Amino acid sequence: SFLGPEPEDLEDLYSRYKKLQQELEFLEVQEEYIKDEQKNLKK
Amino acid sequence: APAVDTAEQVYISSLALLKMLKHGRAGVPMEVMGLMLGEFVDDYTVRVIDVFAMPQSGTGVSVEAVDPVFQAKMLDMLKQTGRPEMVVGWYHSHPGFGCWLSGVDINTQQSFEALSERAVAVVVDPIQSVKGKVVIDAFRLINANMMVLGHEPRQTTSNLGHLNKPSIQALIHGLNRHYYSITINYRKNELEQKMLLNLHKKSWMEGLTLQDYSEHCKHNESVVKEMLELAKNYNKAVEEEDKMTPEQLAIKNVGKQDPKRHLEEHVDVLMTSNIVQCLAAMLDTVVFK
Amino acid sequence: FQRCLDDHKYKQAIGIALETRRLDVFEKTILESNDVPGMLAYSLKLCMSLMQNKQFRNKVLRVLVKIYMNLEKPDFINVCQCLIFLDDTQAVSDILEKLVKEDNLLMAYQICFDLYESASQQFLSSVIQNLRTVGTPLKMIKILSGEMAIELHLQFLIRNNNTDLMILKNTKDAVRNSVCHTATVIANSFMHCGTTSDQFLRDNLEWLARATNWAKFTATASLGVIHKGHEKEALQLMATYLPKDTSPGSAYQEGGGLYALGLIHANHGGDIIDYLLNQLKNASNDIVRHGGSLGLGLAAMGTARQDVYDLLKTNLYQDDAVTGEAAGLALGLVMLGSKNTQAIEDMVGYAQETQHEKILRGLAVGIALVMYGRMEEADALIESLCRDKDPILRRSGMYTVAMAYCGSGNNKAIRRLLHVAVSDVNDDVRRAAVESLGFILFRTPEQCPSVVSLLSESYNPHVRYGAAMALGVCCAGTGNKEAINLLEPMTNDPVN
Amino acid sequence: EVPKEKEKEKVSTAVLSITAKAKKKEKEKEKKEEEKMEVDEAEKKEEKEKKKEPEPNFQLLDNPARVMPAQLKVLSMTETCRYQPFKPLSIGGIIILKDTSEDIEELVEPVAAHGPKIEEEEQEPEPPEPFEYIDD
Amino acid sequence: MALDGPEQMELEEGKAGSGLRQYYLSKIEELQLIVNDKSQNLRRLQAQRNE
């Protein structure tokens, strides 16, 4: 918000969360497939 | 005791496996056998293309069961087809026993071994089976001493192996003496897989078909009448069922013969049945005219 | 961007650049020698971990070496990181040219050594030649060959005797003669890598003889691990198992010996390539040559030369089985590193064509090996191998994607693998999906246990196998607490 | 640890206990005016060493690192400090200037071979070993 | 953070540029909500299959 250390703290949060987001894209792909795997468990 | 042997991985084709099931079911309970046709490829792989049978006899799974007359006769004809195939081994079925060979059966395996040492005996079980994965085992069959020494795992290399028990400790012991379960792989693909998939093209007529309206009414009546009977228990069910212990619940609120399970089951048949009949009648109307 | 520059925050500057995916903003004016060390290296790493975009990552890396080189101090840890992905001859080459003028030979030696270990093996063979042409002084060039690197490590391992002999003694005393003796010989050998243990070899000569079949070949081959990169007493003792000196014993022992000879020379193999290459051509048969071709490939590993490959290619066409498996494996080992168009085309068709089971196994793994860090081409291969009649080809296809993708994750590769496995109850594919994960997710090493926690529940022993293999590879260097616990039920389950 | 070496210790232990207990138990002294007790039982046991920890180290995960801020020095060609991979902060420590090897390439420090400029300063000798060539 | 208030101008030090970071976080914060919903959903399917 400032030029102050507030954007430094926000930066570190931002940085780490960005790395996390990638991790989360993968978890979405599994979530979609799990639905078909449950249907498949029955067979 | 030292010897330099290799194990035979048995590659059974889809065509071949299905015929082995066919023969074995038919033979019941009397044990029946047959010869396997195939090819010897690589340095251990015997592949079973197809199987034919040697006669059904009560003298089955024996040297005797084997018919010189069948074998010659087929082989002349096979030359014409443009497939004269090698005898990779012999299959038999035990539906009186499991995967433990009989006493005659060990001698019979040996005779095949003299002809081609790439010979195996595959045991097919359909009512002495504990698995619906097709209880089949493979044996080359080698002596007792080889197990005792621990030589027999040196010879098997290029194997994974496996152990199952259709029928108790006695079978396990018989298996160990032989050569135990040597790995069976399958040669299969999508074209063969699609053939097996099928049911009815007649599904074409049936999806559209709906019955007489009087019949639609019979179904609806029978279900509503049924639902009345169970309803009286249902009142109790919702009022109570604090119990979560299956045996106590069963006596208390007629938990076994439950009104919830059955009433739901009933609403669901009636709904689906009415939808497909109704949906078809209307579809046909528009389209034909 | 101008406003952050004014404040002088190196961190804010890179962050805005990172999101925009723009080169101009990224290009430094807050690190044109304004505090030279430390700062570049964090950014490279970030571009890898954060992005899955190949275009942005490659552009930023290339330019960065060239500006950094120019600054008052170049720092090499960062330049190696750029170089391994790109495989550019220029990056290393420019960095050494400044170092020649200042006459600081040691600074240069340090880079060459690191490069051997980290960077793709084929790239390493090419540069040796390249440095002579560029005109840098031989001493640095020697280190870069890696012949020096292996030996410097070897010197320490042998003399200190880092692996204790004691650990090997318990295994030998305890275990009986059955399949179990064969097992022991491989166990001691694998633990005592890079330091001599002749004591085991001579004493339990008997055990080696007792084994029959492929298992006998495997015992003799283990000798090659113990005597890794040596040429003192190590060679002498090994010689006797090979036909080179007294007591070659059985045929299986001759082949495990030629293989052990190749394994020792592995990827420093040059002197050995002529000797082995000749034996394999003339005979093109026997157990002894099967072990030689196996050895020839390992020695040749990485320079991606057409000559060795072509000579091996004929042996497959001739279609003698025994040798066939070794030649099949070997194609993949030499081409290793980066795409090579001829290897991919001959191996796919030939593997599919044959019903010779071991040729089929050798050739199948070999198609995967040649790829590494060339993501997109592999997408084509894997589907075709999976559709085929052969079960083996299905498992090899997973390997194909795992390698091509290992470099940075993407969504594409995991998604492809995942659909096949859920759809069907087919064992061969179901293991393949889960397996494939560890290599690609490598960048954030936590992730592989995340996907695998749902997959390890599966009752299929196939999936359960595949879940364990995946966890193994990803976590290998930088571990996780979660990975350890997932492995425990697999151990428990009774399937083999 | 070797089976034979430990087998010696167990055997020794067992002989003293059995032999001493044999005489001690049988003797009669309680009834006697000597009173050293008619029964006295004799058990001696051994112990084995446990994992050693000289001066604390910090353990996180399975450990691909493990450090302490208090330093000791160790020689090259003698890594008896058997490193976990991905510790750059412990190899060379945080960069050396106490040694002959002075960093002129800063915090590059691989866990494998680091040999920067040895001509900047001299604080100790440097024997060459031709041993790696010999092996070669 | 702050409700309002300019701290040493847009031009002088360049408070707005560093300032943009706080707004980029509104996006990650917006994402944090879906992650939670996503976690429950994945678990319900998993628990369902597992039994």
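Per Swiss-Prot, chain C residues shown: 138-274, 323-681, in order.
Method on record in the header is electron microscopy, 11.8 Å.
Placement of Cβ uses the backbone N, Cα and C atoms for every residue, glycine included.
Its own atom aside, the Cβ of C:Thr273 (phosphothreonine) has 19 Cβ atoms within 10 angstroms in the protein chains shown. According to Swiss-Prot, the phosphothreonine annotation covers C:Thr273.
Feature annotation from Swiss-Prot assigns repeat 'PC 1' to C:403-436. Below 8 angstroms of C-beta separation, residues 335-336, 339, 343, 367, 370-371, 373-375, 377-383, 385-387, 392-394, 396, 442-449, 453, 471-473, 476 of the same chain, each at least six residues beyond the ends of the repeat 'PC 1' (C:403-436), sit close to that stretch.
For C:441-474, the entry in Swiss-Prot reads repeat 'PC 2'.
Tertiary proximity for the repeat 'PC 3' (C:476-510) is limited to same-chain residues at least six positions away from its ends with a CB under 8 Å from its CB atoms, namely 257-259, 261-263, 402, 406, 439-448, 450-455, 457-458, 461-462, 464-466, 469-470, 516-523, 525, 527-528, 531, 535, 539, 541, 543-544, 546-548. Per Swiss-Prot, the feature repeat 'PC 3' maps to C:476-510.
Only residues 6 or more beyond the boundaries of the repeat 'PC 4' (C:511-545), in the same chain, are considered here, and those with a CB under 8 A from a CB of the stretch are 224, 257-260, 465, 474-479, 481-483, 485-491, 493-494, 497-498, 500-501, 504, 551-559, 562, 566, 569-570, 573, 575, 577-578. The repeat 'PC 4' annotation in Swiss-Prot covers C:511-545.
The feature repeat 'PC 5' is assigned by Swiss-Prot to C:547-580.
If you look up Swiss-Prot, you'll see C:581-616 marked as repeat 'PC 6'. Remote same-chain residues near the repeat 'PC 6' (C:581-616) are listed as 185, 188-189, 191, 194, 222, 549-550, 552-554, 556-564, 566-571, 622-629, 636, 643, 645, 647-648, 650-651 (criterion: CB distance under 8 Å, separation of at least six residues from the stretch ends).
The feature repeat 'PC 7' is assigned by Swiss-Prot to C:617-649. For the repeat 'PC 7' (C:617-649), the residues of the chain that approach it from at least six positions outside its boundaries are 185-186, 571, 579-580, 582-584, 586-588, 590-591, 593-595, 598-599, 602-603, 605-606, 610, 655-660, 662-663, 665, 667-668, 671, 674-675, 678, 680, judged by C-beta separation under 8 angstroms.
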Secondary structure of C:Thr273 (phosphothreonine) (DSSP, helix/strand/coil): coil
Summary of DSSP states over the repeat 'PC 1' (C:403-436), given as helix, strand and coil counts: 16 helix, 0 strand, 18 coil
Within the repeat 'PC 3' (C:476-510), residues counted as helix, strand or coil by DSSP: 28 helix, 0 strand, 7 coil
Summary of DSSP states over the repeat 'PC 4' (C:511-545), given as helix, strand and coil counts: 27 helix, 0 strand, 8 coil
